[PDB]
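S.K.: once you've seen the sequence and the experimental structure below, I've got questions.
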Amino acid sequence: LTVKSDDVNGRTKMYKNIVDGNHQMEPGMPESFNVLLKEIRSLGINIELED
Amino acid sequence: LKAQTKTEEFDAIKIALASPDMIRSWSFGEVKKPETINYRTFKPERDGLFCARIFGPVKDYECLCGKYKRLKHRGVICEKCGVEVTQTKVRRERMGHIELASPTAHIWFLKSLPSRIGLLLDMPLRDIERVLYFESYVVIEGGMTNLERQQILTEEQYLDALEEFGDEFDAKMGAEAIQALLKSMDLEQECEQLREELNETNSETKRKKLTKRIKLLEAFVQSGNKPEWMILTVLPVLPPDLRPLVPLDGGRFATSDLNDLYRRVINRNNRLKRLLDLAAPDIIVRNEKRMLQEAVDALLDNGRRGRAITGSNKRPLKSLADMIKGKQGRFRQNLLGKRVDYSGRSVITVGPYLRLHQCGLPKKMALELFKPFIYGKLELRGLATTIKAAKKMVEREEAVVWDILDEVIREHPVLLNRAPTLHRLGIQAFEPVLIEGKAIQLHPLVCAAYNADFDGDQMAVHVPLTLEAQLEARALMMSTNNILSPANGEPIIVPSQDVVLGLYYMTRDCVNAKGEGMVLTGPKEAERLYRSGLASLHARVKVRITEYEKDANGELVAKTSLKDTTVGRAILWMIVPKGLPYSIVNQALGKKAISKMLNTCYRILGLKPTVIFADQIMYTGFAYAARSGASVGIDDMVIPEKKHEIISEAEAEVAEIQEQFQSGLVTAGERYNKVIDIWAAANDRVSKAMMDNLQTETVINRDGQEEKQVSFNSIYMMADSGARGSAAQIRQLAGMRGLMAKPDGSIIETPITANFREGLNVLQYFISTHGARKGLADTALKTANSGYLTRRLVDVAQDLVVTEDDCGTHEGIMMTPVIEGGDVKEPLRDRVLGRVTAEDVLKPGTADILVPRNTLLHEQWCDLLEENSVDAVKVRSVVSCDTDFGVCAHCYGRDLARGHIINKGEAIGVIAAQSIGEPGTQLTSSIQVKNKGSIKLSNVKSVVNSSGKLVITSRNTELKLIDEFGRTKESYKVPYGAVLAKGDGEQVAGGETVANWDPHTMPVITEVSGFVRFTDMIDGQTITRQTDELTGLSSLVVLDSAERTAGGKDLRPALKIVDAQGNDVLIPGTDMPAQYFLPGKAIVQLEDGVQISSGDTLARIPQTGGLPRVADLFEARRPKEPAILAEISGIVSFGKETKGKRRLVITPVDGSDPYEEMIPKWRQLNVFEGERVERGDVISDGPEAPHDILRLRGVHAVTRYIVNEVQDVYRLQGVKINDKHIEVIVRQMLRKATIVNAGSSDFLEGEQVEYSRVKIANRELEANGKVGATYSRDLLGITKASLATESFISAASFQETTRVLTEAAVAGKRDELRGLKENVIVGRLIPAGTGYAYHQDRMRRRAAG
Amino acid sequence: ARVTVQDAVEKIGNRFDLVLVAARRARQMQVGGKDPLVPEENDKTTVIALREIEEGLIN
């Protein structure tokens, strides 16, 4: 419910991936999630990821 | 392993205040113009939201100006307007900037009820409001002028403030001004002064503010986020690929009008910067401050100011709040997010041939679900031309790809699930089998696990794509592995019924037997006798079963033996694996027999034997079910002519009893229950007929003329196997149903006269209709509330993870058999099943350890604790666990679907939740014992009186039944004052009154012998003369002190107990003066000078349990009339009458004497003021408060009290669930605690217990001796625990996200993604389970290495 | 015959670290990095790594 069937690009990245047959992936910030960051980045509380 | 040098992953995650300089770090260009089109040609505006210099590439590796197209171009820009030829996919990551000028304040954090800006500045929010709407000049950088820092000034008055203060003073208005104040907010100067007032002001109106103010201020110290960053300077621009541009085909815009919103934001942005250039007046540039402010608002939730409509349209501006607050936070995690791929929602069907490890999947479904894997295969090998031709092959249904279909399924396991499933046992895995059809088949007996019949169970069978999930299916999710319930260590699947009647017909005894006497040497030729047809499957054959037993170190010892067995049992050996002995399978086999049968094969031989054994059973169960033949018989359902006879009596009898009514002997009500009475007896007598009829009536010839056997009557076979035919269901078809509930809920005196098998009428029917419709309503509601119950349940336990194995404490609690009423309700063994002994436990023999401290108590050790005479075992509890922020494997145990040590990564939190809410749908005189033991009086002063009898002087009275065996069996709670026949150490008979009291009179008795003298008792002002014309006994009845006179109210009548001379006698046992202060309405039985005995009756004082009730326990709802707990051990006296209450003055002996309780005399008190009540003694009656049981009695006391009670609810349900889960939930409700000692944080802060646990940890150690704050455990409700969430990721989900916005945004609460829920919304492995070692490498790679 | 993995949980007891180990070995097997050493019989690679757990040469 994130990487699969949620990340509009993530499952196509998975389609283009499994039509080869090699299950191997990376974490999945659901992009709209990156808009959550962006909305409060617009307010003042600038969330980051240090180190 | 070492922390890897290369970037493999990223790490824990935080939130707090950063810098616009960080926004400059993402800066790729500045959006100048809001226009996205030319108004002429619809081409994409450069220097706009769709700029090439700022953003760029629309085509893969593209220079938008139109110079570099080829994908050879990487990084080279359009020197004129910088277009780095890169991925348009990277254009979903292009962030820009626009230099503001208009200070953007936080109107959100102002209008927020939880006034962020308010108590931040320690300035009233109302006046702060006046400041930001620009109508009040606030004083900044002030102080010692006429005005202070926390103050406003109206327009013209500040003009006067100029004519009065042209120097050393400044007061501007708005965020501009407030930024000046944030620039000067010195945390620690205020910190000194706060703790100053902490010692100065002593009111909660002043110091509560104090405690969280200092808290929030050092919270900014805690995160290093300065209030200065609350004024927006540079605005971040969302990537173009994120606010989609799609005009409507024709000439309109179907675009995300978020662009039409940022459009105005950019318009007004450049506007105020222009009002800097031309220098416009302040009142209007600050008017633009408000203007760019609503721009901000319009984007979010239109603020909370009102949702201003769009251009001449009934339509508020668009809301990204309605983009970050819909359901469960966002809409993946909300209801309706996703719709599973690689799955199939399809109806079900049996398939009695399916191996225990496999399910059935339709061929058509197969094609549709595995195509990508089919193409992945067709070109990894290369049997297909192209993937397009591959599609054309399945287009032609070509046999080739069906063989490649075999390659993608024959060892590729699947997961299964149903929609109505609320339990984890409803999500399992099997192996696929290619069945040509449309319905998902299954292994018959597993349906009971899903609790899925054949009424329309549509299952969505999932497909584990990744390597991980495939193994995880065959691992923990394999059917053949979760053969145990996480609730109790019993095999979850019990052979249904078809299977059992087949084997009831296997191992079976019938008197007429063909071959009854022959002998065999092999169960295999046994096959050749019945499966051929020459012998019966019941003949008493003597066979040599060379059974085996793994008595060795793993070797099955060879032991020869011959049994007088039946043909079917010999064939049953062909089923039973050697390791399992023939003795257990030399039994008729019932549903319960075969239950524990499979369980023994597990505890003894193992899992593998048992699994493939039950597999064997399934096939042969149904196999001989067919071979059974005998199925049903009308000739069996014979009604005895005894039924018709007793009904004849049941007619004549009540006909006479109705004549007793026409005579006036029995009343309507007494005859009401009387009808009940004799029909009850009549039904039991008819029962005594129909059951014996159906038990011995099959009498077939054998070595004589006739000889009985258990009824071969099929209905009785279901009553013997206990499959689906019970003594009451039998009584309801072939006998009179019994008495039924009426539409009111009570009971109609008249039963259902005849029997359903024969005939009744609609009136009888309406009585029965009530009951049927009854059950129906129940299912119809219970289901919905169960999910909602587990909802609040997960809302309280989710993040609890076992993180250690052994802690470092001996502390645990006491496991005891709740021997109540008669014999024990819940024994010792089942509570201990799956835990570890607290300390080195002794035997009744002292200092002889029968179980060392740290030892896992499993099957054998549980058998061990049942052999010893030990009855009370202290076991390490999950609440007494020394491990903070989790539990140790030991305090938990092993019991689950597994039976091994609980893992570090196994989140017990969530599984506790579901397994306590799983049975949610299910939740809705004298004392003469009939056994043989001995009275062992406990905690009571019993005294001998005349005639050498015995009495009881207290209410606290447990009656024990120490058998000749020794085990305490029966336990009766005997009332105040009774007639005992035995003392402590005198044996009981079978049906003997050992305690005989009066249920309608509470006698107060003397303990000594002597004359009674009425003292401070006058006839008419304290007592009354009630020597009626009906009685002859002289007696002065003590009235209550509210009906008396003026000068009468001031007393408590005293019954003086003098000796044979006339002097106050001292009590043998307690140094107390004999002056019994009597209560009201107590009818005495004597005159003056009457010598009482030592234990004689002086006076006479005439007198849901289900789901909702459990909901009460867990919502901590304070009941109406609590049985007030005595807070201290001490002697008690009384005080004050009618006014509003009746004071209770308690005088502690060695503690604080000011302990007194105001109690309404309107409430029934029972406190003997001559008895020194203890700290844990009920003063009044009715349900008590667990809160006081928690503090006044103890946490381990209350945790054990409630687990007793709620488990009893499961006793009304008969379900046995291990309290481990219910106790972690108790720990959850006590995770916060009201601080008592000041010094470190507060003097009353409801704060996390484990948080303060580490405080005091390094408080008695480093830097201090003792100054830290110490708590008192505070217990909460789960809907308040769910409300007291810290991490915003989980809070924003169910609580109002906007609430959560404020709630953690201003504090910048850096929660490093330490919880499960958090991990899932970001789509990353939790630091537990399979992500354990994953994040292990990740955690020591974060802030360490 | 394989139907239960009682054997597997005995070796790598956390029941989830099992998932980790076998999964990665399965992929080295996928990629011609290597090939199976313990004889396979059509088993997908997850199952083959599990054979190396019961034999005990790989964990």
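M.R.: Right, received. Where do you want to start? Numbers count the residues shown, from 1 in each chain, chains lettered A, B, ... in the order given.
S.K.: just say helix, strand or coil for the residue nearest to residue B:719 when sequence neighbours are not counted.
M.R.: Distances taken as Cβ to Cβ, 6 or more residues apart in numbering or on different chains put residue B:725 closest to residue B:719, at 4.7 Å, once the chain neighbours are dropped. All C-beta spots, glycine's among them, are computed from the backbone N, C-alpha and C. For residue B:725, the assignment made with DSSP: H, G, I helix; E, B strand; the rest coil gives coil.
S.K.: list the contacts for residue B:725?
M.R.: For residue B:725, the contact set (Cβ atoms under 8 Å, 6 or more residues apart in numbering or on different chains) comprises B:715, B:716, B:717, B:718, B:719.
S.K.: could you flag which of the residues you listed are buried?
M.R.: Using 16 or more other Cβ atoms under 10 Å in any protein chain shown as the burial test, these include B:715, B:716, B:717, B:718, B:719 as buried.
S.K.: and of the contacts of residue B:725, the nearest to chain A?
M.R.: residue B:718 (46.0 Å; Cβ to the nearest Cβ).
S.K.: helix or strand: which one has the closest one?
M.R.: For residue B:718, the host element (DSSP states H and E) is helix B:714-720.
S.K.: what's the spacing between that helix and its chain's center?
M.R.: Mean-position distance between helix B:714-720 and its chain equals 39 Å (Cα atoms, centre = their mean, to the nearest Å).
S.K.: helices or strands up against that helix?
M.R.: helix B:498-504, helix B:668-696, helix B:727-731 (3 or more Cβ pairs under 8 Å, 6 or more residues apart in numbering or on different chains; DSSP states H and E).
S.K.: the residue in chain C positioned nearest to chain A: what's its closest spatial neighbour, skipping adjacent residues?
M.R.: At 6.7 Å from chain A, residue C:30 is the closest residue in chain C, using Cβ to the nearest Cβ. Once flanking residues are discounted, residue C:30 sits nearest to residue C:45: 5.8 Å by Cβ to Cβ, 6+ apart.
S.K.: the one you found: neighbouring residues, count only.
M.R.: 20 (other Cβ atoms under 10 Å in any protein chain shown).
S.K.: now do residue B:385
M.R.: Residue B:385, neighbours per other Cβ under 10 Å, totals 12.
S.K.: where does it sit: helix, strand or coil?
M.R.: coil.
S.K.: picking up where we left off before, pull the residues that contact the helix holding residue B:718.
M.R.: B:497, B:501, B:504-505, B:588, B:590, B:630-633, B:636-637, B:694-695, B:710, B:724-727, B:730, B:734.
S.K.: one more time with 10 Å
M.R.: Here helix B:714-720 makes contact (Cβ atoms under 10 Å, 6 or more residues apart in numbering or on different chains) with B:497, B:500-501, B:504-505, B:508, B:588-591, B:628, B:630-633, B:636-637, B:691, B:693-695, B:697-698, B:710-711, B:713, B:723-727, B:729-730, B:733-734.
S.K.: can you pull out the helices in chain C?
M.R.: Per DSSP state H, chain C carries helices over the ranges C:6-11, C:17-30, C:45-54.
S.K.: and the longest one, what other elements does it pack with?
M.R.: Read it as helix C:17-30. Packing contacts for helix C:17-30, counted by 3 or more Cβ pairs under 10 Å, 6 or more residues apart in numbering or on different chains; DSSP states H and E, involve helix B:467-475, helix B:1332-1339, helix C:6-11, helix C:45-54.
S.K.: identify whichever of these lies nearest to residue B:324.
M.R.: helix B:1332-1339 (26.6 Å; Cβ to Cβ).
S.K.: quick one: closest of the helices of chain C to residue B:1342.
M.R.: Checking the helices of chain C against residue B:1342 by Cβ to Cβ gives helix C:17-30 as the closest, at 19.6 Å.
S.K.: what does chain C have sitting close to chain A?
M.R.: Counting by Cβ under 10 Å from any Cβ of the partner chain, the residues of chain C close to chain A are C:23, C:26, C:27, C:30, C:31.
S.K.: pick the one among those closest to residue B:1050.
M.R.: Nearest member of those to residue B:1050, counting by Cβ to Cβ, is residue C:23, at 85.6 Å.
S.K.: show me what contacts that closest one?
M.R.: Residue C:23 touches A:23, B:466, B:467, B:468, B:469, B:470, B:471, B:472, B:1330, C:45, C:46, C:49, counting by Cβ under 10 Å, 6+ apart.
S.K.: mind redoing it with 8 Å?
M.R.: Neighbour list for residue C:23: B:467, B:468, B:471, C:46, C:49 [criterion: Cβ under 8 Å, 6+ apart].
S.K.: among the residues you listed, who's most crowded?
M.R.: residue B:471 (30 neighbours).
S.K.: pick the most buried one from the helices and strands packed on helix C:17-30.
M.R.: Mean neighbour count (mean count of other Cβ atoms under 10 Å in any protein chain shown) peaks for helix B:467-475 among the helices and strands packed on helix C:17-30, with a mean of 25.
S.K.: anything in that one near chain A?
M.R.: Yes - judged by Cβ under 8 Å from any Cβ of the partner chain, helix B:467-475 and chain A are in contact via B:467, B:468.
S.K.: brilliant, that's me finished.
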